[PDB]
Amino acid sequence: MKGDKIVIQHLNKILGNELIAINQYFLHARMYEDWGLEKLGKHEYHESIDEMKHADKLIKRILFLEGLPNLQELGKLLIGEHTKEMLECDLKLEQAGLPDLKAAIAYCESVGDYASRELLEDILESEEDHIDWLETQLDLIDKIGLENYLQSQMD
Amino acid sequence: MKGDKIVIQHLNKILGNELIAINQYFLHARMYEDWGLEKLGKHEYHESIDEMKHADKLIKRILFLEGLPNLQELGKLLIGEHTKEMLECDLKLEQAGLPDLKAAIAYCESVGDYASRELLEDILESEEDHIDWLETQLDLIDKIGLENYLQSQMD
Amino acid sequence: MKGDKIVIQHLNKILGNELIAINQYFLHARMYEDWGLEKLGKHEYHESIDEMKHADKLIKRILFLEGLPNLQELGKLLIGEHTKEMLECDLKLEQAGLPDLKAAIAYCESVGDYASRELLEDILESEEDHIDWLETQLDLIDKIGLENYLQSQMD
Amino acid sequence: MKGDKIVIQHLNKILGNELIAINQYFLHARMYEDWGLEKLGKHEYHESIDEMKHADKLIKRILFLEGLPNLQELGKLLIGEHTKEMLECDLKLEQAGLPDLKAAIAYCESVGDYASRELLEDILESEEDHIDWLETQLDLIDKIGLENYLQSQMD
Amino acid sequence: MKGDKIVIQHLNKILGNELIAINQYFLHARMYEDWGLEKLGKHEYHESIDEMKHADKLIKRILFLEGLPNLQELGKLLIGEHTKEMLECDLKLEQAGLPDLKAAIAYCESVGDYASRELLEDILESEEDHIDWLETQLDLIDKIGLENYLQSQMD
Amino acid sequence: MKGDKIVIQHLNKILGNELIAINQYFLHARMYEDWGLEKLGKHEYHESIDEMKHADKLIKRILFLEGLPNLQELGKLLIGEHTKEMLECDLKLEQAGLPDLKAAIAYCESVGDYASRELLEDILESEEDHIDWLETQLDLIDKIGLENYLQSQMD
Amino acid sequence: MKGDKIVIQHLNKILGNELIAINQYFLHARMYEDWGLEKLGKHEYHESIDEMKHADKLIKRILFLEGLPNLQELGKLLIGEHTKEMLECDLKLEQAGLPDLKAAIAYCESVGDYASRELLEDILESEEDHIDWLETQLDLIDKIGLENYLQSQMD
Ligand code: HEM
Ligand code: HEM
Ligand code: HEM
Ligand code: HEM
Ligand SMILES: [Fe+2]
Ligand SMILES: [Fe+2]
Ligand SMILES: [Fe+2]
Ligand SMILES: [Fe+2]
Ligand SMILES: [Fe+2]
Ligand SMILES: [Fe+2]
Ligand SMILES: [Fe+2]
Ligand SMILES: [Fe+2]
Ligand SMILES: [Fe+2]
Ligand SMILES: [Fe+2]
Ligand SMILES: [Fe+2]
Ligand SMILES: [Fe+2]
Ligand SMILES: [Fe+2]
Ligand SMILES: [Fe+2]
Ligand SMILES: [Fe+2]
Ligand SMILES: [Mg+2]
Ligand SMILES: [Mg+2]
Ligand SMILES: [Mg+2]
Ligand SMILES: [Mg+2]
Ligand SMILES: [Mg+2]
Ligand SMILES: [Mg+2]
Ligand SMILES: [Mg+2]
Ligand SMILES: [Mg+2]
Ligand SMILES: [Mg+2]
Ligand SMILES: [Mg+2]
């Protein structure tokens, strides 16, 4: 079914964001495991698979709407060098993508593509949760100290 | 453990190849499913997951060797527009990568990084299998005809 | 138990035929599977196993009759290059041999080696089946066309 | 996937060795059982099967590499007349072949056919094992005497 | 159903042979157990029950053919005094009966009593196996020595 | 099977290193347990057992090659007095043994003892893993402090 | 808890004897296995493990008593070249260590280290059991002959 040109453009924009998250989180996930911080690596890993599922949903929607998915463009990955910076980079990435998801939902609504809006709504609800976990870890670090926090992420 | 500079460089090259394969196959996988070719989609999908595992192993090895994994650079995906073309694009991708894996195995041997060579050999074996499956599909299209081949890929 | 000289010679002759069949069908089996024709590969593989079993039975009988089994001689192998040809070559073998089993049975009866006759009897009944199956495949190719036939042998 | 002509030639040479082993062991196995040496018969039988599996793997690799399997030529079979001799004949074959697998692995290395090398390595590890068992049986005969050794192979 | 007079005479001849085997093997079986050679006694015992089943089949066939079974005539039992002689006596008995079974099958064929021939065929196949086991034990005795052989027959 | 003289020397060299590791890791494991650092104790213990298994494999290969395993010369054990130092002693031992293993693999490859090379490659993979774990524990101590690190090792 | 200096010296002496036994028996175990004497190998193997457990108990006791376990000194291994010699080597070892164990027990009693005495009594009971088995094997060899004995150790 021929979809709205601007909607497909919006969906592709979002897909691009997801692909960046996929790579960033997978790399951060393995860096954590490499450092022996198994709990962070596991969670970071799960988030990576989550973003992978988000991208998959966008890809399927774009193809149904008869658009051409863009798996070619890969934006700037924000790779940190230590735990605090890595959590901040992931937080910065998620927060940098919100205006995009909200702008996409708003556009879909304006053109009546209610099903695309629903898909984006599900993704947004998940992104606000990831931001929640991230903000929480950063706050935990400040309340208990970096050494205790990292100690708690070992097993 | 500080790894050999040229070996890590080789591992990053291969990683870049795997990342390309990941994206190309996942897009082809969903394009197949989108067209109702379930069997091709399922097989294409699993190949994508396999390349994902290959990339994961390289990333883990690079980090142990104290190198910096490059998930930032993404080569040109070869996206086909119809089945025969998609099969040929995937075959071409795997064939362009062989010289790379063999060159890496050869280099690892020359410098004594036998563990890295073993990882690469495991990937090479899998790669020669995918090429086998791909060459086989193209040969099948030739023997039974495109219409019959696509019919056989529906369920 | 000293067996009849001519019977043992007949037995060794049939054994040579079996060893030929074993190798021919095993090569054909792997060629089919190499081309992605699983169904043909499975059947041919089973037939190869059946011939192996026949050879085993002849070998055992020969040894009991105090003769020397000859696994040294291997007659011409009739290797085909395509499905239709491979089917015809296998059919030719199952036929070129038929007169041998019948002649051995006739000889055993004439010299009173009723046990050897029964063993050959069992093999004969099985041989007339591989032939039945082979004749059927060729007639099937004629009724539905090579492309449809090959398609049906993929999975 | 076209393989190196010399590699395929080596593969065919090894395949010829395997086919000789298969037949020699199958005959020895049935000779053992015919004499009431059940244990010896079972081992030889299994060893015959393993050689069949080796031949099968070579045949598959050759086909994939786009070469033509030679199941036609069968070399000299070394048939023994009694236990001690049969063990020695099997040992010669298992040794005489060693140079071959080692030469093939060496050639595969030099031309970068690492997958073929690994297939040959698997077979090689197994061959050094059949040799071990054979050398042991002969050393055992020397330590306990032929009469005791044969008694121990009855049931 | 009125059977052929000569066939019934042949069947009675065979029954007589079976009855001799029954008694000879049962006696030899218990002598073995009496000497503590449980493995020989068990096998010898099983053979006795086997001959008992052969006789039973002949008896049933003779009665259907409306003949009078002769359980009255009992030929000369060949009782040995030691293991080697006992195995030879059993061997001599089985070999002395073959010409009779083969002559019976030949006669049945000449007069069209195909069902009687089938019954005799089953018995012949079993007798050639008993002869096999016997010849084997005698050969085993010569290869490993009488003391080792008897030792192996204790449990 | 008479193996290469220098290969055997190489294998005995690696065996010598393994024996040192066995004793060093076992004493360290029991020291950790004695101090109530159960987790560290369990891990050190299992590494001790893995080194015992490496020694075993080397001994078996040396015997097969008809060489004489040397379990008489015990090299210098590097025994620590506190966690940080024990991890460092184990790391130093592991690092000192790498050049030997790689030199042995290189030599086996040069004379065609491909099976010995494989055994050594297996051991090498395990050694690099232990080094990875060791380096990680030391990095962890520096990131969360020794007190936290040790607390996490109590159970 | 600070242990008696001389008690610890005795414990280290016994530990040294255990370390000799461990290596001697493990090598003998694999030699038996190497020659196909599985039964002897399995037993020798288990005894090697029992000595490993004795050493473990000694090490733990020494550490509790705040002494330094000595795993650096390795005494003269008594390696045999054939079964009878290996059994005698192990017997000589066990016999040589017996006076040492009894001297250690006597000393512990004199200084009131009853728990250390308990541990030594447990080990002594086990050592006298190995001596019993060893003496019995050598007596069995004289009673049934070396050839029969070795035959019985194959499985
Ligand atoms: C940096 C590139 C990537 C890496 C390193 C990676 C790695 C992985 C790994 C290790 C798994 C687990 C597979 C398993 O063990 O079963 C996985 C699963 C998967 N990936 Fe990726 N992946 C990458 C990119 C992608 C992309 C771009 C997509 C989407 C187009 C994607 C979609 C999926 C899906 C759908 C699954 C299965 C998720 C599930 O369990 O439901 N991946 N990936
Ligand atoms: C020429 C003499 C041969 C004889 C007498 C023989 C006999 C046998 C027998 C009796 C079996 C076991 C069947 C069963 O019980 O299911 C067997 C299995 C098998 N044979 Fe052969 N064989 C021969 C040659 C070969 C050759 C030349 C090949 C390869 C081209 C081959 C490949 C196989 C395979 C792959 C199996 C499967 C075994 C398993 O998966 O466990 N055989 N053979
Ligand atoms: C020397 C004379 C014989 C002796 C010592 C003898 C002894 C035995 C013994 C001990 C059994 C096992 C019974 C049980 O424990 O269940 C048996 C079974 C039997 N006997 Fe006999 N028997 C003799 C003669 C015969 C004869 C002459 C015939 C045939 C007319 C015969 C036919 C059978 C049958 C049919 C069975 C059962 C076999 C089965 O299990 O299928 N026996 N006999
Ligand atoms: C200080 C010297 C040694 C000590 C204290 C020691 C200790 C141990 C302990 C406590 C076990 C576990 C036994 C159980 O509870 O089942 C064991 C197992 C084992 N040890 Fe040792 N050992 C030593 C030396 C060796 C040596 C030198 C070898 C051989 C070259 C060796 C080979 C083995 C093997 C194969 C096992 C069994 C591993 C398995 O579970 O698969 N050990 N050892
Ligand atoms: Fe997302
Ligand atoms: Fe997110
Ligand atoms: Fe890959
Ligand atoms: Fe691939
Ligand atoms: Fe056949
Ligand atoms: Fe056939
Ligand atoms: Fe082989
Ligand atoms: Fe072999
Ligand atoms: Fe009978
Ligand atoms: Fe009989
Ligand atoms: Fe090791
Ligand atoms: Fe290690
Ligand atoms: Fe002990
Ligand atoms: Fe002991
Ligand atoms: Fe004996
Ligand atoms: Mg559509
Ligand atoms: Mg590290
Ligand atoms: Mg390898
Ligand atoms: Mg015979
Ligand atoms: Mg019939
Ligand atoms: Mg192909
Ligand atoms: Mg009636
Ligand atoms: Mg040996
Ligand atoms: Mg303490
Ligand atoms: Mg007490």
# chains A, B, ... in the order shown; residues from 1 in each chain; ligands from 1
>>> interface_residues(of="chain F", to="chain B", cutoff="8 Å", atoms="only C-alpha atoms", output="ChimeraX atom specification")
/F:102,106,121,124-125,131-132,135
>>> write_last_selection(atoms="C-alpha atoms", output="short mmCIF file (atom, residue, chain, number, x, y, z; two decimals), in the first residue's frame")
data_model
loop_
_atom_site.label_atom_id
_atom_site.label_comp_id
_atom_site.auth_asym_id
_atom_site.auth_seq_id
_atom_site.Cartn_x
_atom_site.Cartn_y
_atom_site.Cartn_z
CA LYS F 102 53.78 -20.72 20.39
CA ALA F 106 55.49 -23.35 15.19
CA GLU F 121 46.30 -24.87 19.97
CA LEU F 124 46.77 -22.08 24.00
CA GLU F 125 43.14 -20.98 23.79
CA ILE F 131 45.31 -14.44 31.22
CA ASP F 132 42.15 -12.54 30.27
CA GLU F 135 44.17 -9.14 33.82
#
>>> residues_near_ligand(ligand="ligand 16", cutoff="12 Å", atoms="only C-alpha atoms and all ligand atoms", output="NGL selection string")
:F and (14-15 or 17-25 or 44 or 46-55 or 89-98 or 101 or 122-134)
>>> write_last_selection(atoms="C-alpha atoms", output="PDB file, in the first residue's frame")
ATOM      1  CA  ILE F  14      55.099 -27.447  27.922  1.00  0.00           C
ATOM      2  CA  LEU F  15      54.375 -30.283  30.360  1.00  0.00           C
ATOM      3  CA  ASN F  17      55.254 -25.486  32.645  1.00  0.00           C
ATOM      4  CA  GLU F  18      51.863 -27.133  33.314  1.00  0.00           C
ATOM      5  CA  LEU F  19      53.162 -28.975  36.377  1.00  0.00           C
ATOM      6  CA  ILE F  20      54.410 -25.696  37.862  1.00  0.00           C
ATOM      7  CA  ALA F  21      51.004 -24.105  37.253  1.00  0.00           C
ATOM      8  CA  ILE F  22      49.191 -27.076  38.783  1.00  0.00           C
ATOM      9  CA  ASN F  23      51.032 -26.722  42.090  1.00  0.00           C
ATOM     10  CA  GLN F  24      51.061 -22.919  42.133  1.00  0.00           C
ATOM     11  CA  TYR F  25      47.333 -22.633  41.445  1.00  0.00           C
ATOM     12  CA  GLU F  44      41.677 -20.714  41.339  1.00  0.00           C
ATOM     13  CA  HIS F  46      39.152 -24.992  38.779  1.00  0.00           C
ATOM     14  CA  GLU F  47      42.022 -23.384  36.933  1.00  0.00           C
ATOM     15  CA  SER F  48      44.312 -25.767  38.851  1.00  0.00           C
ATOM     16  CA  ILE F  49      42.194 -28.688  37.610  1.00  0.00           C
ATOM     17  CA  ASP F  50      42.301 -27.382  34.051  1.00  0.00           C
ATOM     18  CA  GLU F  51      46.098 -27.312  34.203  1.00  0.00           C
ATOM     19  CA  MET F  52      45.967 -30.888  35.505  1.00  0.00           C
ATOM     20  CA  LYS F  53      43.947 -31.798  32.405  1.00  0.00           C
ATOM     21  CA  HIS F  54      46.465 -30.070  30.117  1.00  0.00           C
ATOM     22  CA  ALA F  55      49.288 -32.039  31.745  1.00  0.00           C
ATOM     23  CA  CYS F  89      52.302 -14.318  40.140  1.00  0.00           C
ATOM     24  CA  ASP F  90      49.725 -16.346  38.197  1.00  0.00           C
ATOM     25  CA  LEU F  91      49.717 -13.753  35.420  1.00  0.00           C
ATOM     26  CA  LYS F  92      53.525 -13.772  35.261  1.00  0.00           C
ATOM     27  CA  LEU F  93      53.549 -17.591  35.080  1.00  0.00           C
ATOM     28  CA  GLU F  94      50.897 -17.636  32.362  1.00  0.00           C
ATOM     29  CA  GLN F  95      52.799 -14.967  30.384  1.00  0.00           C
ATOM     30  CA  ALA F  96      56.141 -16.778  30.700  1.00  0.00           C
ATOM     31  CA  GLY F  97      54.589 -19.900  29.238  1.00  0.00           C
ATOM     32  CA  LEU F  98      53.147 -18.300  26.107  1.00  0.00           C
ATOM     33  CA  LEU F 101      53.555 -22.838  23.532  1.00  0.00           C
ATOM     34  CA  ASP F 122      43.596 -26.140  22.341  1.00  0.00           C
ATOM     35  CA  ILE F 123      45.803 -25.511  25.349  1.00  0.00           C
ATOM     36  CA  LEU F 124      46.773 -22.076  24.002  1.00  0.00           C
ATOM     37  CA  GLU F 125      43.137 -20.976  23.791  1.00  0.00           C
ATOM     38  CA  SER F 126      42.685 -21.952  27.432  1.00  0.00           C
ATOM     39  CA  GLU F 127      45.833 -20.129  28.516  1.00  0.00           C
ATOM     40  CA  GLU F 128      44.832 -16.868  26.853  1.00  0.00           C
ATOM     41  CA  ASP F 129      41.470 -17.150  28.634  1.00  0.00           C
ATOM     42  CA  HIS F 130      43.124 -17.435  32.029  1.00  0.00           C
ATOM     43  CA  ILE F 131      45.308 -14.437  31.218  1.00  0.00           C
ATOM     44  CA  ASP F 132      42.148 -12.545  30.273  1.00  0.00           C
ATOM     45  CA  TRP F 133      40.543 -13.380  33.629  1.00  0.00           C
ATOM     46  CA  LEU F 134      43.713 -12.502  35.559  1.00  0.00           C
TER      47      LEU F 134
END
>>> residues_around(residues="residue 28 (chain C)", least_positions_apart="2", cutoff="12 Å", atoms="only C-alpha atoms", output="number ranges by chain")
C: 21-26, 30-35, 37-38, 40-48, 77-90; D: 56, 59-60, 63, 68-69, 71
>>> write_last_selection(atoms="N, CA and C atoms", output="CSV table (one decimal), in the first residue's frame")
chain,number,residue,atom,x,y,z
C,21,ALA,N,27.5,-51.1,-7.3
C,21,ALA,CA,26.2,-50.4,-7.0
C,21,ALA,C,26.4,-49.5,-5.8
C,22,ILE,N,27.1,-50.0,-4.8
C,22,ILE,CA,27.4,-49.2,-3.6
C,22,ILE,C,28.0,-47.9,-3.9
C,23,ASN,N,29.1,-47.9,-4.6
C,23,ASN,CA,29.9,-46.7,-5.0
C,23,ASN,C,29.1,-45.8,-5.9
C,24,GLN,N,28.5,-46.4,-6.9
C,24,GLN,CA,27.7,-45.5,-7.9
C,24,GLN,C,26.6,-44.8,-7.2
C,25,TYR,N,25.8,-45.5,-6.4
C,25,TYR,CA,24.7,-44.8,-5.7
C,25,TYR,C,25.2,-43.8,-4.6
C,26,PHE,N,26.4,-44.1,-4.0
C,26,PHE,CA,26.8,-43.2,-3.0
C,26,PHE,C,27.3,-41.9,-3.7
C,30,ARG,N,25.4,-38.1,-3.1
C,30,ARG,CA,26.1,-36.9,-2.8
C,30,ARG,C,26.0,-35.8,-3.9
C,31,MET,N,25.9,-36.2,-5.1
C,31,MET,CA,25.8,-35.2,-6.2
C,31,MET,C,24.4,-34.6,-6.1
C,32,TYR,N,23.4,-35.4,-5.8
C,32,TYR,CA,22.0,-34.9,-5.7
C,32,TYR,C,22.0,-33.8,-4.5
C,33,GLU,N,22.6,-34.2,-3.4
C,33,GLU,CA,22.6,-33.4,-2.2
C,33,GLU,C,23.4,-32.1,-2.5
C,34,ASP,N,24.4,-32.3,-3.3
C,34,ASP,CA,25.3,-31.2,-3.7
C,34,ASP,C,24.5,-30.1,-4.5
C,35,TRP,N,23.5,-30.6,-5.3
C,35,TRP,CA,22.7,-29.8,-6.1
C,35,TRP,C,21.5,-29.3,-5.4
C,37,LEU,N,19.1,-31.3,-4.1
C,37,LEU,CA,17.9,-32.2,-4.3
C,37,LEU,C,17.9,-33.2,-3.2
C,38,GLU,N,17.6,-32.7,-2.0
C,38,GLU,CA,17.6,-33.5,-0.7
C,38,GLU,C,16.8,-34.8,-0.9
C,40,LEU,N,16.1,-36.7,-3.4
C,40,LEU,CA,16.8,-37.7,-4.2
C,40,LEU,C,18.0,-38.2,-3.5
C,41,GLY,N,18.7,-37.3,-2.8
C,41,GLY,CA,19.9,-37.6,-2.0
C,41,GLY,C,19.5,-38.6,-1.0
C,42,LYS,N,18.5,-38.4,-0.2
C,42,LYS,CA,18.1,-39.3,0.8
C,42,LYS,C,17.8,-40.7,0.3
C,43,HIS,N,17.0,-40.8,-0.8
C,43,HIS,CA,16.7,-42.1,-1.3
C,43,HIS,C,17.9,-42.8,-1.8
C,44,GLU,N,18.7,-42.1,-2.6
C,44,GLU,CA,19.9,-42.7,-3.2
C,44,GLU,C,20.9,-43.2,-2.1
C,45,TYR,N,20.9,-42.4,-1.0
C,45,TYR,CA,21.8,-42.7,0.2
C,45,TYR,C,21.3,-44.0,0.8
C,46,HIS,N,19.9,-44.1,0.9
C,46,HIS,CA,19.4,-45.3,1.5
C,46,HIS,C,19.7,-46.5,0.6
C,47,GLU,N,19.5,-46.3,-0.7
C,47,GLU,CA,19.8,-47.4,-1.6
C,47,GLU,C,21.2,-47.9,-1.5
C,48,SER,N,22.1,-46.9,-1.4
C,48,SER,CA,23.5,-47.3,-1.2
C,48,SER,C,23.8,-48.1,0.0
C,77,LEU,N,32.0,-48.1,-13.4
C,77,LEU,CA,31.0,-47.3,-12.6
C,77,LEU,C,30.3,-46.5,-13.7
C,78,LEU,N,29.0,-46.4,-13.7
C,78,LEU,CA,28.2,-45.7,-14.7
C,78,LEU,C,27.8,-44.4,-14.0
C,79,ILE,N,28.7,-43.4,-14.0
C,79,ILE,CA,28.3,-42.1,-13.4
C,79,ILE,C,27.6,-41.1,-14.4
C,80,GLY,N,26.5,-40.6,-14.0
C,80,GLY,CA,25.7,-39.7,-14.8
C,80,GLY,C,26.1,-38.3,-14.5
C,81,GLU,N,25.7,-37.3,-15.4
C,81,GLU,CA,26.0,-35.9,-15.2
C,81,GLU,C,24.8,-35.1,-14.9
C,82,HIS,N,23.6,-35.6,-15.0
C,82,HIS,CA,22.4,-34.9,-14.7
C,82,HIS,C,21.4,-35.9,-14.2
C,83,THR,N,20.4,-35.4,-13.5
C,83,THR,CA,19.4,-36.3,-12.9
C,83,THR,C,18.8,-37.4,-13.8
C,84,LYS,N,18.3,-37.0,-15.0
C,84,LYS,CA,17.7,-38.0,-15.9
C,84,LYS,C,18.7,-39.1,-16.2
C,85,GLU,N,20.0,-38.7,-16.6
C,85,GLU,CA,21.0,-39.6,-16.9
C,85,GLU,C,21.4,-40.5,-15.7
C,86,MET,N,21.5,-39.9,-14.5
C,86,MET,CA,21.9,-40.7,-13.3
C,86,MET,C,20.8,-41.7,-13.0
C,87,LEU,N,19.5,-41.4,-13.3
C,87,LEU,CA,18.4,-42.3,-13.1
C,87,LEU,C,18.5,-43.5,-14.1
C,88,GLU,N,18.8,-43.2,-15.3
C,88,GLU,CA,19.0,-44.2,-16.3
C,88,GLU,C,20.2,-45.1,-16.1
C,89,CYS,N,21.3,-44.5,-15.7
C,89,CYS,CA,22.5,-45.3,-15.4
C,89,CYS,C,22.2,-46.2,-14.2
C,90,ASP,N,21.5,-45.8,-13.2
C,90,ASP,CA,21.2,-46.6,-12.0
C,90,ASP,C,20.3,-47.7,-12.5
D,56,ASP,N,33.1,-40.2,2.7
D,56,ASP,CA,31.9,-39.3,2.5
D,56,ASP,C,32.3,-37.8,2.6
D,59,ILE,N,34.3,-36.7,-0.5
D,59,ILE,CA,33.5,-36.7,-1.6
D,59,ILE,C,32.6,-35.4,-1.6
D,60,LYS,N,32.1,-35.0,-0.4
D,60,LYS,CA,31.3,-33.8,-0.3
D,60,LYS,C,32.2,-32.5,-0.6
D,63,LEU,N,33.1,-32.3,-4.4
D,63,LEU,CA,31.9,-31.8,-5.2
D,63,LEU,C,31.7,-30.3,-5.0
D,68,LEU,N,35.6,-33.7,-9.7
D,68,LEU,CA,34.9,-34.9,-10.0
D,68,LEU,C,35.5,-36.0,-9.1
D,69,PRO,N,34.7,-36.5,-8.2
D,69,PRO,CA,35.0,-37.6,-7.3
D,69,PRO,C,35.5,-38.9,-8.1
D,71,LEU,N,35.6,-42.6,-7.6
D,71,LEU,CA,35.3,-43.7,-6.7
D,71,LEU,C,35.6,-45.0,-7.6
>>> atom_distance(atom1="CA of residue 13 (chain F)", atom2="CA of residue 4 (chain B)")
25.2 Å
>>> atom_distance(atom1="CA of residue 39 (chain C)", atom2="CA of residue 153 (chain C)")
4.7 Å
>>> residues_around(residues="residue 149 (chain E)", least_positions_apart="6", cutoff="9 Å", atoms="only C-alpha atoms", output="list in words")
residues 151 of chain D; 137, 140 and 141 of chain E
>>> closest_residue(among="G:16, G:99, G:75, G:67", to="ligand 4", atoms="only C-alpha atoms and all ligand atoms")
G:16
>>> select_by_dssp(residues="chain G", states="helix (DSSP H, G or I)", output="number ranges by chain")
G: 5-34, 38-64, 83-110, 114-144, 146-153
>>> decode(residues="region 86-97 of chain B", atoms="N, CA, C and O atoms", output="compact mmCIF listing (two decimals), in the first residue's frame")
# COMPACT_ATOMS: atom_id res chain seq x y z
N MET B 86 19.13 -10.47 -5.59
CA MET B 86 19.48 -10.46 -4.17
C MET B 86 20.41 -11.63 -3.86
O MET B 86 21.35 -11.49 -3.09
N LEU B 87 20.14 -12.77 -4.48
CA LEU B 87 20.97 -13.97 -4.30
C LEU B 87 22.37 -13.69 -4.84
O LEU B 87 23.37 -14.04 -4.21
N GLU B 88 22.44 -13.06 -6.01
CA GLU B 88 23.73 -12.75 -6.63
C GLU B 88 24.50 -11.73 -5.80
O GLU B 88 25.72 -11.86 -5.63
N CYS B 89 23.80 -10.73 -5.26
CA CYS B 89 24.44 -9.71 -4.43
C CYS B 89 25.04 -10.33 -3.17
O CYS B 89 26.15 -9.98 -2.77
N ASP B 90 24.31 -11.25 -2.55
CA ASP B 90 24.81 -11.90 -1.34
C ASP B 90 26.00 -12.79 -1.65
O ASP B 90 26.93 -12.90 -0.85
N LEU B 91 25.97 -13.44 -2.82
CA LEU B 91 27.06 -14.32 -3.23
C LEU B 91 28.30 -13.47 -3.47
O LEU B 91 29.41 -13.82 -3.05
N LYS B 92 28.12 -12.35 -4.16
CA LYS B 92 29.21 -11.44 -4.46
C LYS B 92 29.81 -10.91 -3.16
O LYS B 92 31.03 -10.75 -3.05
N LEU B 93 28.96 -10.63 -2.17
CA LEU B 93 29.44 -10.12 -0.89
C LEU B 93 30.33 -11.15 -0.22
O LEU B 93 31.43 -10.83 0.23
N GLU B 94 29.85 -12.39 -0.14
CA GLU B 94 30.64 -13.45 0.48
C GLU B 94 31.95 -13.69 -0.27
O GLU B 94 32.99 -13.93 0.34
N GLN B 95 31.91 -13.62 -1.60
CA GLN B 95 33.12 -13.84 -2.40
C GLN B 95 34.15 -12.72 -2.28
O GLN B 95 35.34 -12.94 -2.46
N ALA B 96 33.69 -11.51 -1.99
CA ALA B 96 34.61 -10.38 -1.85
C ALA B 96 35.28 -10.44 -0.49
O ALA B 96 36.34 -9.84 -0.27
N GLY B 97 34.67 -11.18 0.43
CA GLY B 97 35.21 -11.30 1.77
C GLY B 97 36.23 -12.40 1.96
O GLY B 97 37.09 -12.30 2.83
